[PDB]
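When a residue number appears, it is its place in the shown sequence, counting from 1. Counting starts at 1 for both ligands and their atoms, following the listed order.
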Amino acid sequence: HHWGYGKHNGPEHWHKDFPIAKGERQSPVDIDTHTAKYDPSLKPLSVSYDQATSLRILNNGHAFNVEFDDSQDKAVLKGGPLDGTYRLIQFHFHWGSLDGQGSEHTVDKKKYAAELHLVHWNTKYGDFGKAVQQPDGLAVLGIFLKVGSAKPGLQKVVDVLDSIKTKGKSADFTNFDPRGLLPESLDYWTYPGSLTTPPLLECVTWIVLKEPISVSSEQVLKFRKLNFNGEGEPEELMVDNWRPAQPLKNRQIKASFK
Ligand SMILES: NS(=O)(=O)NCC1=CS(=O)(=O)c2ccccc21
Ligand SMILES: [Zn+2]
């Protein structure tokens with residue numbers, strides 16, 4: 001009876017095995033654009049992905065992860081609200097069964113069709129496992145996806161999904177350049193939060209880009225053909241693998257733009 005996104009093991013049930021689900025800085029949250037405040041102390045955000053080395057892609061029964069070699073500073077995020085260097089370890093998406101839902105963060109309650117999470121860990125902690133024991137151990141760069149024109153840089157990902165249809169399957173996935181998933185502007189909102197899937201650890205500095213990327217209906221439709229179940233099991237389409245917005249509580253969301 002492991003956590004998932006169904007009626008019986010979904011978001012409303014997570015608190016039983018992971019009490020921190022009702023914690024003080026859970027994610028995602030709704031971003032009230034009018035209440036967010038421009039912060040002049042934010043340094044410019046630096047996304048340096050030119051040396052990124054992707055390794056493989058895996059369906060873990062919740063989403064699919066594109067994993068990177070994080071044994072050296074090859075793809076890093078720095079600046080903005082961060083102190084130090086954060087190394088890219090993997091990226092994944094959360095999407096819906098329909099275009100009107102799918103994102104985890106919302107903007108003035110508006111839901112996008114999907115959301116990309118590029119996960120990074122603070123290099124001062126030595127590794128991912130150690131970073132998730134720290135309040136500033138992780139930085140996740142979130143990018144909204146809306147349905148419109150196709151995103152060329154996402155097609156390589158789309159085309160390999162047929163090979164990892166079910167839970168547990170993985171495939172070689174080298175030379176994928178994450179720069180192809182970035183919108184033009186780096187304007188963003190930032191707030192302290194958590195992982196949005198169990199263990200829901202509160203170690204994340206969230207950086208959510210204001211500008212969404214556009215993906216085609218055909219690209220998102222292929223995400224929805226994936227399976228939550230393992231091979232040879234009854235088919236449960238992988239859709240709506242998003243956690244709804246959580247209480248903001250004692251937090252202020254800062255904007256990098258006026
Ligand atoms: N939506 S989210 O971004 O909070 N989730 C990310 C996540 C959760 S994890 O601890 O399974 C893990 C292991 C390795 C790399 C990333 C992750
Ligand atoms: Zn995520």
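Set against the non-hydrogen atoms of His94, the atoms of ligand 1 under 4.0 Å away are 1 (N). Atoms of ligand 1 lying under 4.0 Å from at least one heavy atom of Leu195, given by number and element, are 4 (O), 10 (O). Interface atoms of ligand 1 facing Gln90, defined by a heavy-atom separation under 4.0 Å, are 15 (C), 16 (C), 17 (C). Close approach of ligand 1 to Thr197 is summarised as follows: ligand atoms under 4.0 Å from at least one heavy atom of the residue are 5 (N), 8 (C).
For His117, the N, O or S atom with the smallest separation from the Zn ion (ligand 2) is ND1.
The main-chain N or O of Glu67 is never found under 3.5 Å from a side-chain atom of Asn65 such that the two would form a donor-acceptor pair. Checked by atom type and distance alone, the side chain of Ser256 never pairs as donor or acceptor with a backbone atom of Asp187 at under 3.5 Å. No donor-acceptor pair closer than 3.5 Å links the side chain of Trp206 to the backbone N or O of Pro28.
Aromatic ring centroids of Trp242 and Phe93 lie 6.0 Å or more apart.
Note that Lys167 lies outside the cation-pi zone of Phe228, set by a 6.0 Å cut-off to the ring centre and a 45° limit from the axis. Cation-pi check for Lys110 over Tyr112 is met; the charged atom lies under 6.0 angstrom from the ring centroid and within 45 degrees of its normal.
Taking all heavy atoms of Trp121, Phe93, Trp242, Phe128 into account, the minimum distance to atom 14 (C) of ligand 1 is reached by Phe128. For atom 2 (S) of ligand 1, the choice among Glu67, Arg243, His92, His120 with the nearest heavy atom turns out to be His92.
Computed with the Zn ion (ligand 2) at the centre, the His92 NE2 to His94 NE2 angle is 110°, stated to 10 degrees.
Note: an N/O pair closer than 3.5 Å links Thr196 and ligand 1 by distance alone.
By the definition of a contact as any protein heavy atom under 4.0 Å away, atom 11 (O) of ligand 1 is not in contact.
Using modelled atom types and a 3.5 Å distance limit, the side chains of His94 and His117 yield a donor-acceptor pair.
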